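Let's start with one chain on its own, the form deposited in one PDB entry, as structure tokens.
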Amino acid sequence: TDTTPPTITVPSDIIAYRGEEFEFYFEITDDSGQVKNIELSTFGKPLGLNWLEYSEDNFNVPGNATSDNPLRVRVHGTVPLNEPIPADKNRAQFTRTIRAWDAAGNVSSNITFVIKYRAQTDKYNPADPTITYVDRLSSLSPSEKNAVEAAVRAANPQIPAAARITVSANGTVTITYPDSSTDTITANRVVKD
């Protein structure tokens, strides 16, 4: 007789960035080798994350959840571009619960998982461009600004194309990400006489 619920392994560090699709997996095992279904919730109440989705592939099939081959439930979604980020990082997150049951109806307790979310600049962090030589360190020309923007972009192919790169009069660089967060590169790493 199966009297034991499934074991759920949740990822320890789920970190999502505003406007950027994330994915992670739950791994689930049962002694019977079969998991019937799962439920995501807010400690039993509605999940209330309309932008999160998960796959129900291979649910409630014999052998879908063994020690050697666990049930790997793919979860994905996108945190809204304008999700408010509290000054307190510790509350920039959603704490939710998952439970799972086997075909005998043995249900696990509600297990916690946490989706942390962050502004896009927390993901970036740009590399220094090859140095641009200019005539006046205090007043770059249009051509010199075009060259600086190109050198920043060349050295940073990993930044979103949709990010906008601006250059000030003295060669200070601002990168503005789609969610309106920013990075700066100071002139000393950008230009020289």
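Superpose the two forms; the largest set of C-alphas matching within 1.5 Å is the rigid core. Each residue number is its position in the shown sequence, starting from 1.
Item to complete: Report the stretch with the higher root mean square CA deviation, pooled over structures and residues in 6 other deposited structures of this protein, choosing between 29 to 37 and 139 to 147 after a rigid core fit.
Response: When 29 to 37 and 139 to 147 are compared in 6 other deposited structures of this protein, 139 to 147 lies farther out.
Worksheet item: C-alpha RMS from this form in 6 other deposited structures of this protein, rigid core superposed: larger for 155 to 163 or 129 to 137?
Response: Stretch with the higher C-alpha RMS distance in 6 other deposited structures of this protein: 129 to 137.
Practice prompt. With reference to the PDB entry, specify whether the mean Cα temperature factor is higher for 34 to 42 or for 124 to 132.
Written response: Per the deposited B-factors, the answer is 124 to 132.
Fill in: Higher-scoring stretch by recorded Cα B factor average, 60 to 68 or 46 to 54
According to the entry, 60 to 68 carries the higher average C-alpha B-factor.
Worksheet entry | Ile85, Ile115, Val73, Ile98, ranked by C-alpha B-factor: the highest one | In this record, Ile85 carries the highest C-alpha B-factor of the candidates.
Worksheet item: Going by the entry, which third of its chain does the Cα temperature factor of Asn106 land in?
Response: For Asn106, the deposited C-alpha B-factor lands in the lowest third.
Item to complete: For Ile159, return the chain-relative third of its C-alpha B-factor as stated in the PDB record: lowest, middle or highest.
Response: As the PDB entry reports it, the C-alpha B-factor of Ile159 lands in the middle third of its chain.
Worksheet item: Once the chain's modelled residues are ordered by C-alpha B factor and cut into thirds, is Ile185 in the lowest, middle or highest one?
Response: As the PDB entry reports it, the C-alpha B-factor of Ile185 lands in the highest third of its chain.
Worksheet item: By its CA B factor, does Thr172 count among the lowest, middle or highest third of the modelled residues in the chain?
Response: Tercile = middle for this residue's CA B-factor.
Worksheet item: Which third, lowest, middle or highest, does the CA B-factor of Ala151 fall in along this chain?
Response: Its C-alpha B-factor, which the entry lists for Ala151, ranks in the middle third among residues of this chain.
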